[PDB]
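*Asks:* Can you keep this structure in mind? I'll have questions shortly.
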Amino acid sequence: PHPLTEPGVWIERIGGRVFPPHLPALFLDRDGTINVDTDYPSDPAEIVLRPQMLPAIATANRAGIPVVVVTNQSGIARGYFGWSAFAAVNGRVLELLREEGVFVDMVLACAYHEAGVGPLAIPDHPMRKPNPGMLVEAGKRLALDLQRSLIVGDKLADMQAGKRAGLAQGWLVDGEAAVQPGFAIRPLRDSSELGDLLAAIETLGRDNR
């Protein structure tokens, strides 16, 4: 069965790694961040990883920091595809990551969108980024330290969701910096900027002494 908590919300624990409580997480958007973005992410055969995200996932994995995918899937509300297609596509993304030796620990997805047709056409649902619901829910489920967590995505809504969830930093794929008290949008445009992100993840790593 699809792990739906309601008709437009999917929440799924991935793998069986154990995380002690009060860890920070690495939150990642999916389309445009982990995989190449596309208008209609319904065909698993079309999925291609963004290799420049793989060092970040690997770093978090090795640091013992949970990696949490938080993705809006408005195409579901819009009738472009359904949860079965999401399951196939998302599974393919996780398989490709496995082949690169990296993994994630939880997937949350929100179908609701204002331009939908039918009962999923809920315009401002708490789980739909920029609303922080998926981050807050992952926080409850994994007992996360949200204030120390990081988020990476290619849309402003990812940065807004992070700020609203209580994070202090996020990295905007292909985006510009916006450094303010309380929240910094960090640019992620080249390998130097990836380094900044990796340093930030590494500082969160476990001391096994």
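Since chain A takes its numbers from Swiss-Prot, the residues it shows come out as 8-216.
If you check the header, you will see the structure was determined by X-ray crystallography, 1.5 Å.
Backbone N, Cα and C define each Cβ position, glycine as well.
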*Asks:* Of the candidates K147, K162, which does Swiss-Prot annotate as part of the substrate site that also includes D36, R37, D38, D44, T45, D46, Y47, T78, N79, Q80, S81, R135, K136?
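*Replies:* The record-listed residue among the candidates is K162.
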*Asks:* List the same-chain residues at least 6 positions away in sequence whose Cβ sits under 8 Å from the Cβ of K162 (Mg(2+) binding site), in sequence order, or say none.
*Replies:* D36, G39, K136
*Asks:* List, in sequence order, the same-chain residues at least six positions removed whose CB sits under 8 Å from that of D161 (Mg(2+) binding site)?
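*Replies:* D161 (Mg(2+) binding site) has long-range Cβ partners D36, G39, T40, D44, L179, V180, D181, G182.
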*Asks:* Run through the Cβ atoms and count how many others sit within 10 Å of the one on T78 (site 'Stabilizes the phosphoryl group').
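*Replies:* For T78 (site 'Stabilizes the phosphoryl group'), the count of other Cβ atoms within 10 Å is 24.
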